[PDB]
Protein chains: 4
Amino acid sequence: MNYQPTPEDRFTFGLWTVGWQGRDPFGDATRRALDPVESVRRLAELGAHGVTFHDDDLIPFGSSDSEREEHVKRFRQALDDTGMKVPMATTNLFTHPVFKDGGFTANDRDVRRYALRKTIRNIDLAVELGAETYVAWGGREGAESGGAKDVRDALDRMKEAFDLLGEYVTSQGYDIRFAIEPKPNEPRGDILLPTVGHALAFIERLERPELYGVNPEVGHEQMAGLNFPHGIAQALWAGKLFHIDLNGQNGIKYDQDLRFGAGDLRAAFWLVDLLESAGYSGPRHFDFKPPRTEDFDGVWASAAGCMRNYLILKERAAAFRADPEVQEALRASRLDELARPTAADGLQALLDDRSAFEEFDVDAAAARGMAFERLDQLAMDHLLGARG
Amino acid sequence: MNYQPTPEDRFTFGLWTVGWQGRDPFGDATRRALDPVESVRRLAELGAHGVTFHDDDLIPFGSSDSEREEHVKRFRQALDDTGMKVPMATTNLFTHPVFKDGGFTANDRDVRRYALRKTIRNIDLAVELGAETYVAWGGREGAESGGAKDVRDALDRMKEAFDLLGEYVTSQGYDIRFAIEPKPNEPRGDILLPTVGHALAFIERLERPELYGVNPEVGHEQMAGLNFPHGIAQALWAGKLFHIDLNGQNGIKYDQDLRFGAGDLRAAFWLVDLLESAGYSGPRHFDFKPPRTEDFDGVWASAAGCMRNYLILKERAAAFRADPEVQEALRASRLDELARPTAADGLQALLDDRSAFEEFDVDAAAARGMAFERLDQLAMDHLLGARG
Amino acid sequence: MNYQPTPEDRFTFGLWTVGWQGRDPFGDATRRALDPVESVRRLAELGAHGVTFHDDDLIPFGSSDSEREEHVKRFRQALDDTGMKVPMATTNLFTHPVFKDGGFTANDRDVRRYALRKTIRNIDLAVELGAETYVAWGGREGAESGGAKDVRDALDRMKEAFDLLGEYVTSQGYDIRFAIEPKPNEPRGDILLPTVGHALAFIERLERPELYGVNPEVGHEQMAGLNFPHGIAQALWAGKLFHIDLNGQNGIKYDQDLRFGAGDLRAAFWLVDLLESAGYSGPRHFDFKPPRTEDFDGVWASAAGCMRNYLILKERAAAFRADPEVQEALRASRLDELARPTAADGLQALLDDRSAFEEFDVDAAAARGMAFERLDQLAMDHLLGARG
Amino acid sequence: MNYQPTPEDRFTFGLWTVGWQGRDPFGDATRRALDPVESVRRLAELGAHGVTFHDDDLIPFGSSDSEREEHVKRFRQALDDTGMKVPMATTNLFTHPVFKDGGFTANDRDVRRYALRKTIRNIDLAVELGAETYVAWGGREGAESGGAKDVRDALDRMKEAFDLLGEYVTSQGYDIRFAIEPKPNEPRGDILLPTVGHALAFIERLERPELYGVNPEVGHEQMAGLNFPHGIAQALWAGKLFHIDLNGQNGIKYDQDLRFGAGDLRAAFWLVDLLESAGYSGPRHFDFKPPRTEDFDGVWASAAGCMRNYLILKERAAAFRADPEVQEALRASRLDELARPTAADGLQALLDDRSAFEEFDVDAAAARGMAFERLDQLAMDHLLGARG
């Protein structure tokens, strides 16, 4: 009577997630390295729809052209053998010491050019393996101190970099779009474009804004104590939710990348509620790290859980929305009134309307309860499976 | 040998700041109410350039037309008697119980209309007393629970409201522009447009974006653990820093509104550094609360401090920038390289350049120190007055 | 097929909770004042076991002796009419302006004496109405700035105050014990004894430590980003959990006092799990505020929810613990090994044991998976009612 | 006219600080490994008083007895050649994969025994090289999920471990004491004894509490948003500040370990103020990481800065305390009254005193300003070197 995921649920996983070897700021790897081909096979057996990669996840840094060929072909045969897809890809511009002050916004001009060139090389690959989205996570763009980075110049260089990528893309006639992934900090003291809001606003300054959107991560917005569903709704309102990274985070601290459903469970529910009601049809991508306490059996247990919790949440939110008792409470709370225009009649009519000011009875309106706590308990009940 | 502010330094204060009576979530007022005319007189003696107001700060809620006249005239005579200006004004849409679920985004349609009408009434007043900026702080737009607010509808209503304001403004031919002030939370559990980034991005969806910018507050961005100078630089890059609210905050907790210079002192320094180097020429506005421990003597002490700390900071940052030893370190750290274009030569040339990839020596570039810690200690030394 | 609470579940509520009139830092009351007698009657109908009070909640500040009599008698008749008890009481030393720099640790000596005297007066009352626990929440003990409070002197005055209370208590031969409630901040910038840990440690310096324990609040520890069940377990290990305050909080920000089950739901589950397994038999006390959006109907809805969520949680945690599949996983994860002594054999034997160092195979032990993610998903499944 | 540190200032540094190779959760080392003997020599030239070590910092894990000899002797010759001391030492129980679920509180009994044995081996070494303090940082004691760790059992095992260490120590007749270092999180999701308060309270449950105190770190308390000087004062009041770790942290996020003076500058000032006024005579130990952006020249620049900022702070705080204008303001704010007993006259006299309640004029006392903002601006002025 369960929640088994199928490739139609569009669940994806990054190679670096289940492949995380468990090295952290204070300790060595607890797990041996996984061959990408094993990961593809194991995730498919679990019902994943596909996998995503960093260039250096697939092809080890410094690899020879003929080594590149080998890594790709082998990866290609695994994806052919399993039906798995590659909907998204990204570049690693944060691990190698050369990127210690950034990729696109490093102070050293020659480093910024190298970063562009390593990114462009990987977009051709990504296109080849059929990704539709290309993610950019500028984890090293930022600073630990105020004098080290002039942020107006850094944003000029960031825009310069995204504009060049967009020009490259259109000239090759590729179908791919870009998704910028925000993070407020870690590993830099502060990171540029630290939240969904910052990312959306930056995009509006680009040459061809239509090529760019956001890839928000649950844990990253929560590292700034923000409401993630609220941020996702602003991205949907803007037509910019191109991709999404799902995981768990317990409040404001280091980036935990726990399995989805872990961390803020109610946030999880409201997010699924929103993705499902808006009709989000992009990949459901997990960016998570199975804790370093675990062996390979716990890794696959943790990955399976990501998908299971999504499905359970999905069922509980459908039940909530469909419940006649909840639809009535939503009317009681005037959500229906929220969706009607405030002044369709227009400015002039508003100004002339005595019932909107001069004869508005503020005190009776003030007295009206919103009935939000009864509504939220109905949501609680539905989440916990305790309606009655 | 001091730091006395003058009206030319453009220091402003809200009526509600020095007038804060010290009521907080857990306690009654510790200070008696101040007459606006006394505040204008006292701030001018301290060297303030002007004052700002909420409608209900100036004219008590429910005031009769002929009472309105009285409050304004008296306020007018004080400003004539002192040379003080009114560069900014705003509406109170958060105190009255009718706004408990919001103003522009309340679920109740009739409340949203009332809010527009109370705002429009105050823009005419503001214009009359000569403000150039009209601030909007939607402190009650948001929610404590997920079902209570559909955020896509709420953003449709928020835009609807700002568009109507903009239409009103152009039709009256007024010279005023709008500044939206972000806050992540408090008094609502979560607030819509919670940071500078969110606010800038929303503005790009408005009918006439040129009429709107942001009024960021030091403490509000810091309630989300963000880097405030970094946020201010993004607002400057976007040409949207219309106004700014200065104060102090000690990390992530309730909105403290401490006097400017309190809270994160180094953040204070880097901010002044930035406003001064960008050539910000708007008002230097303090949104602060003298702690409720204080009597009227401590109130004026706390207001004088706001201005004093700005000036001290201003002197230390000029000294830093002007220091030949610092200019050399900035070169050492390649800030000069940050401000040059990455690929002025263009995409094609970048792709063809072997020195940007194929023959790029990553390891030598990796080996180059950024020299940021020596630079930051020089900044430290300058701040503390300990160069040597 | 529900979760109806009964007086045997020991659910209590403070007069100030359902009576909260909804005044917050930025807005007026949205609800009229409740007569304590109405609250007692309404909570009893909901199945509460009892109520708790601040002195000034029951008897308005400045009340005449003969007014005191009136308030008490009336309150007494309501408790007789309903079977409701008064297990806990406390003093208000934070609302009146005289306490603006604190009660027990105010800088002014005469204020500290007044605070003691107002507290002692209320302990006699509390005893009279039969409370067994007397809570102290020093919300005003602390500071906004470093020079204002010497913390070593303030702790000497705090101890002095608790020692005097303890002497008073023993000399009257009263049966009551003290519970100190920690809070990290708000309304002061920083508050003394900011967490459970600080409170427990302070208590060990008192004259008669056995008279004092802690009354931790869910939201307060979470305002410091701490793990509340973890803090509660340390209090239980110390034999100091005298009382507990239950509510909801969404991470690090202002003190929300949401209804219990709101905020961190998984934290809620693990807490109930712990109170239930340790055999906590004290009151289940809610310190919450029905949001100011609500009318009286939402108030009682919100209070009923506190109790309902506890019961649902209670059922899910019993189910988890009782599940044979979970008991096996706990063995898989070696929780059984955690509860056995490390070196019962003693130091000498440990030192001599070659299998503990010299011939310990670190690499095989390193290879052993902890199996925590499978265990946590079983916990997830149980919480959500989705075992299968 | 400078701030050159001397060995008499008692400045110490851990081998792992300047030796940090800059590997972080998202990137490889940017610096080559330093030989401990080079570090000792370089720090001495900078005026350090001594160095501290983890066992595995000095002697590489798995080292043969005869390799141990070699590492020690060489280290010994460097300390003889420079006059440098070793006031503190500690054990690494967090890096090796065997410690992934902890050292003293790992679920696996055999791991807990190994951890004790590796710790005891290093105490003999520490004693030999003359340390007086032995630090314990249980960075791996804790959990990512609720079921994984029963905290009451874990505290029983933690106590068991510290008691055994204490027994070992007394039986060998060693002069060394223990200092427990708290951290709220990272690398575990939550860490046991997460703050100074928790650590002090735990210690009171040990067999011989006099052997144990705390080694608080500036950044760790600030990761929980706490006031560090306030925590240090509670540790001093308790007579438990055995050692202290100095560094910088920018609010609530990952453990930054910035150079001392970085992060919260005003917190830095008030801390130095307190250590200096209490007469703290222990080592001034820096636990910091030169950012991975830096080369060896920036490493020594960053270490020199730690010491320089302490000295500058030290001078500014002495100036503040010594200033007649500040001594008067302190009287104005009644700090003198804070240090007098509240009721030396005793309970009975307090109860009988009509001036403490019955005839106490609350309203006049309420009216008295605390004058804290003038005092704090005088502190500001002194810090910035702008008195006038």
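Each chain gets a letter, A, B and so on, in the order the sequences are listed, and its residues count up from 1. Reckoned from all heavy atoms, side chains included, excluding hydrogens, waters and symmetry mates.
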### Message
So for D108(C), is it side chain, backbone, both, or neither that comes closer than 4.5 Å to the heavy atoms of chain D?
### Response
both
### Message
Does any backbone or side-chain atom of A379(D) lie under 4.5 Å from a heavy atom of chain C? Answer side chain, backbone, both or neither.
### Response
neither
### Query
When you look at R113(C) and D345(D), which way does the salt bridge (charged side-chain N to carboxylate O under 4.0 Å, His left out) test go after all the steps?
CA-CA 11 Å; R113(C) 285 165 83 86; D345(D) 42 344; 2.7 Å; yes
### Query
Which of the residues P97(D), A339(D), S171(D), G225(D) is involved in the greatest number of heavy-atom pairs with chain C at under 4.5 angstrom?
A339(D)
### Query
Which bit of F269(C) is near chain D, if near means a heavy-atom gap under 4.5 Å: side chain, backbone, both or neither?
neither
### Task
Against chain C, label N227(D) side chain, backbone, both or neither, depending on which of its atoms sit under 4.5 Å from a heavy atom there.
both
## Note on the structure
If you tally heavy-atom pairs under 4.5 Å between each of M370(D), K118(D), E160(D), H96(D) and chain C, the highest tally belongs to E160(D)
### Task
Please flag which part of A317(D) lies under 4.5 Å from any non-hydrogen atom of chain C: side chain, backbone, both or neither.
neither
### Task
Select one option (side chain, backbone, both, neither) describing which atoms of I120(D) are under 4.5 Å from chain C's heavy atoms.
side chain
### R368(D) vs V98(C) side-chain heavy atoms within contact, under 4.5 Å
no
### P229(D) versus chain C, the contacting section by heavy-atom distance below 4.5 Å
neither
### Query
Where does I232(D) contact chain C at under 4.5 Å (heavy atoms): side chain, backbone, both or neither?
neither
### Task
Please state whether the side chain, the backbone, both or neither of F320(D) comes within less than 4.5 Å of a heavy atom of chain C.
neither
## Note on the structure
If one checks every heavy atom of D353(C) against chain D at 4.5 Å, the contacting part turns out to be both
### Query
Going by residue number, which parts of residues 161-170 of chain C are within reach of chain D, meaning a heavy-atom gap below 4.5 Å?
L164(C), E167(C), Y168(C)
### Contact origin within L335(D) toward chain C - heavy atom pairs under 4.5 Å
both
### Query
Any idea which of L378(D), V362(D), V111(D) has the most non-hydrogen atom pairs under 4.5 angstrom with chain C?
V362(D)
### Message
Shorter than 4.5 Å, heavy atoms on both sides: which option in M223(D), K149(D), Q348(D), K240(D) has the most such pairs with chain C?
### Response
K149(D)
### For chain C, the option from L274(D), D376(D), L347(D) that forms the most heavy-atom pairs under 4.5 Å
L347(D)
#### Entry: Among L338(C), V196(C), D273(C), residue most engaged with chain D (heavy-atom pairs, under 4.5 Å)
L338(C)
### Query
Taking NZ, NE, NH1 and NH2 as the nitrogens, is one of them in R205(C) or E204(D) under 4.0 Å from a carboxylate oxygen of the other?
yes
### Query
Is it the side chain or the backbone of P182(D) that comes within 4.5 Å of chain C heavy atoms, both, or neither?
neither
### Under 4.5 Å from a heavy atom of chain C, the part of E358(D) involved
side chain
### Task
Identify which part of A106(C) has an atom lying under 4.5 Å from any heavy atom of chain D, answering side chain, backbone, both or neither.
backbone
### Query
Does any heavy atom of chain C fall under 4.5 Å from the side chain of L330(D), the backbone, both, or neither of them?
side chain
### Query
Contact part of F357(C) toward chain D, heavy-atom cut-off under 4.5 Å: side chain, backbone, both or neither?
both
